[PDB]
Amino acid sequence: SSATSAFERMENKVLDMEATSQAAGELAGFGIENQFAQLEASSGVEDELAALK
Amino acid sequence: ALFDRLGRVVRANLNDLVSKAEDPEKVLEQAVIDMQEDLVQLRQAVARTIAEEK
Amino acid sequence: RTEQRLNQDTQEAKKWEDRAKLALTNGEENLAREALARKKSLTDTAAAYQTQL
Amino acid sequence: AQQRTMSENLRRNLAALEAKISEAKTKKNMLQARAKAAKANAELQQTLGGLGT
């Protein structure tokens with residue numbers, strides 16, 4: 001009675017394994033910020049080009 | 001090494017035997033005939049590629 | 001093959017650069033930022049190509 | 001709030017796999033040629049030497 005009462009506790013510890021996996025992946029390769037800096041640097045030049053024409 | 005040697009021997013004996021059956025006058029004539037048929041097919045192969053150029 | 005792959009990426013990346021000019025004109029930052037993100041995605045692949053060549 | 005945390009974990013690991021497949025495809029281009037080269041070279045080394053027949 002109530003599969004949830006036991007099963008969720010198991011899921012709550014499967015979650016830890018995923019969290020460990022996630023942290024390892026993010027730590028190994030960060031690319032969002034590196035890509036992001038390129039975007040905003042690109043923009044400043046576009047303003048200068050726009051102003052001239 | 002061992003099987004490799006024996007398999008060469010089988011090929012080698014056959015190679016000698018077929019060369020004996022190659023007469024030089026007839027085999028030469030036949031080869032020229034084959035080449036002429038091949039040339040026509042090749043000309044048509046180029047023609048069908050030139051077709052898509054057009 | 002390597003040469004051929006590199007050729008594609010550099011020029012599709014340029015079409016994104018053109019799209020970014022339009023996006024700023026229209027006034028849609030989201031498309032402009034996406035265009036820059038897509039441009040970078042191909043810039044990174046193009047770089048990898050020469051190495052591979 | 002829970003869904004948003006779960007979705008991010010899934011969204012991130014999708015990007016990692018797509019990148020991983022790209023890494024494999026980029027190598028596969030050159031690896032295939034390496035394998036073909038090695039065998040022909042090995043066959044040739046026997047020919048140059050006396051080893052085998």
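By convention in this text, residue numbers begin from 1 on each chain and track the written sequence, not necessarily the entry numbering, and residues missing coordinates are not displayed. Numbering of ligands from 1 and lettering of chains from A proceed in the order in which they are written. Values throughout apply to the part shown, which belongs to a larger assembly of chains. Each side-chain value is worked out from all heavy atoms of the structure, with water and hydrogens disregarded.

cryo-EM is the method the PDB entry lists for this structure, together with a resolution of 3.9 Å.

Q: Just give me the short version of the overall build of chain D, but keep the residues and values in it.
A: Think of it this way: any DSSP run of H or I at least four residues long counts as a helix, any run of E at least two long counts as a strand, and we number them from the N terminus. Secondary structure assignment for chain D yields one helix and zero strands. Note on method: radius of gyration uses C-alpha positions; expected globular size equals 2.2 Å times residues raised to 0.38. Here chain D has a C-alpha radius of gyration of 23 Å; the compact-globule value for 53 residues is 10 Å, and the former is much larger. In terms of its C-alpha atoms, chain D occupies a principal-axis envelope of roughly 75 × 15 × 10 Å. Expressed as a percentage of the 53 residues in chain D, the buried residues total 2%. When the accessible surface of chain D is totalled, it reaches about 4,700 Å², and 60% of it is carbon and sulfur. The distance from the centre of the 10 positive side-chain charges to the centre of the 4 negative ones in chain D is 1 Å. We call a residue buried when its accessible area falls under 20% of the maximum for its residue type, exposed when it is over 50%, and partly exposed in between, using a 1.4 Å probe and counting protein chains only. Using a 1.4 Å probe, accessible areas were evaluated by the Shrake-Rupley method; residue-level cover was limited to the displayed protein chains. Working convention for charge: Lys and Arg count positive, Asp and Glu count negative, and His plus the chain ends are omitted. A charged residue contributes its charge at one atom only: NZ of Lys, CZ of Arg, CG of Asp or CD of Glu.

Q: So what's going on with the environment of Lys 28 of chain D? Which residues, and what values?
A: Relative to the assigned elements, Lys 28 of chain D resides in helix 1 (residues 2-48). Along the chain, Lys 28 of chain D and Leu 10 of chain D lie 18 residues apart, while their C-alpha atoms are 27 Å from each other.

Q: Tell me what's going on with the packing of aromatic side chains, and back it up with residues and numbers.
A: Geometry of an aromatic ring pair is reported as the spacing of the ring centres plus the angle between the planes. Whether two aromatic rings pair depends on their centres lying within 6.5 Å, for rings of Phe, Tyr and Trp, where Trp uses its six-membered ring; planes under 30 degrees apart make the pair stacked, over 60 edge-to-face, and the rest tilted. Tallied over the entire structure, the rule returns zero aromatic pairs over all chains. Placement of a positive charge over a ring is assigned whenever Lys NZ or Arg CZ falls within 6 Å of the ring centre and within 35 degrees of the normal to the ring plane. One residue, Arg 19 of chain C, lies across the ring of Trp 16 of chain C, its end atom 4.1 Å from the ring centre.

Q: Lay out the nonpolar core in plain terms, naming residues and giving numbers.
A: The criterion is simple. A nonpolar core is a set of buried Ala, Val, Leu, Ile, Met, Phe, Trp, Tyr and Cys residues joined through side-chain atoms within 4.5 Å. Of all hydrophobic cores here, the largest spans seven residues; its members are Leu 39 of chain A together with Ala 13, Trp 16, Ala 20, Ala 35, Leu 36 and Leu 42 of chain C. For this core, the elements supplying multiple residues, two or more each, are helix 1 (2-26) and helix 2 (29-52) of chain C. Ignoring sequence-local partners within four residues, the contact set of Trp 16 of chain C consists of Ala 35, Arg 38, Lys 39 and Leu 42 of chain C. Contact between two residues is taken to exist if any of their heavy atoms lie within 4.5 Å; hydrogens are not considered.

Q: So what's going on with the pattern of salt bridges? Which residues, and what values?
A: When a carboxyl oxygen of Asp or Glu lies within 4 Å of a side-chain nitrogen of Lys or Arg, that pair is called a salt bridge. Scanning the model with the defined rule gives 14 salt bridges over all chains in all. The partner of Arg 19 of chain C in a salt bridge is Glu 12 of chain C, and the shortest N-O contact between them spans 4.0 Å. The exposure class assigned to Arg 19 of chain C is partly exposed, which follows from its relative accessible area of 29%. A relative accessible area of 38% means that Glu 12 of chain C is categorised as partly exposed. Ionic pairing is found between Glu 8 of chain D and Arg 11 of chain D, a salt bridge with its closest N-O pair at 3.2 Å. One end of the pair is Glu 8 of chain D and the other is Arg 11 of chain D, both in helix 1 and three residues apart, which spans about a single turn. By relative accessible area, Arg 11 of chain D is classed as partly exposed at 48%.

Q: Report on the layout of surface pockets, specifying residues and quantitative values.
A: Gaps left between atoms are located by rolling a probe of water-molecule size over the structure's atoms. A pocket here means an open set of points on a 1 Å grid, computed over the protein atoms alone, that has protein on both sides within 12 Å along at least five of seven lines. A cavity is instead a set of points where a 1.4 Å probe fits but cannot get out; residues with an atom within 4 Å of a point line either one. Grid points are joined across faces, edges and corners, and a volume is the space filled by probe spheres set on the points. Within this model, the largest pocket holds a volume of roughly 1,100 Å³. In terms of lining, the largest pocket is formed by 33 residues, of which the most central are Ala 15, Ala 16, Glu 18, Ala 19 and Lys 20 of chain D. If you list the elements that add at least two residues to the lining of the largest pocket, you get helix 1 (3-28) and helix 2 (32-52) of chain A, helix 1 and helix 2 of chain C together with helix 1 of chain D. Tallied by class, the residues present in the lining of the largest pocket amount to 10 nonpolar, 13 polar and 10 charged. Considering only enclosed or pocket space, the second largest pocket measures out at about 380 Å³ in volume. Taken together, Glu 11, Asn 12, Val 14, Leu 15, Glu 18, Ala 19 and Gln 22 of chain A together with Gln 2, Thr 5, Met 6, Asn 9 and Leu 10 of chain D make up the full set of residues lining the second largest pocket. When contributions to the lining of the second largest pocket are tallied by element, the ones reaching two or more residues are helix 1 of chain A together with helix 1 of chain D. Ranked by the residues each element gives to the lining of the second largest pocket, the list is headed by helix 1 of chain A, at seven residues. The residue classification treats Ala, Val, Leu, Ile, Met, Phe, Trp, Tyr, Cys and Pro as nonpolar and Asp, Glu, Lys and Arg as charged. All others, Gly included, are polar. Here the lining of the second largest pocket is built from residues that sort into five nonpolar, five polar and two charged.

Q: Please provide a residue-by-residue account of the interface of chain A and chain C, values included.
A: The interface of chain A with chain C comprises eight residues on the first partner and 10 residues on the second. Regarding the contact of chain A and chain C, the summed buried area is about 740 Å², with carbon and sulfur atoms giving 54% of it. Of all residues in chain A, the largest losses of buried area upon contact with chain C belong to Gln 35, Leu 39 and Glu 46 of chain A, amounting jointly to 68% of the total for that side. The tally of links from chain A across to chain C stands at one salt bridge. Two residues, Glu 46 of chain A and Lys 21 of chain C, come together in a salt bridge whose shortest N-O distance is 3.3 Å. Taken together, the residues of the side of chain A that touches chain C break down into two nonpolar, four polar and two charged. The term buried area refers to how much accessible surface (probe radius 1.4 Å) is lost by two components on association, counted for both of them together.

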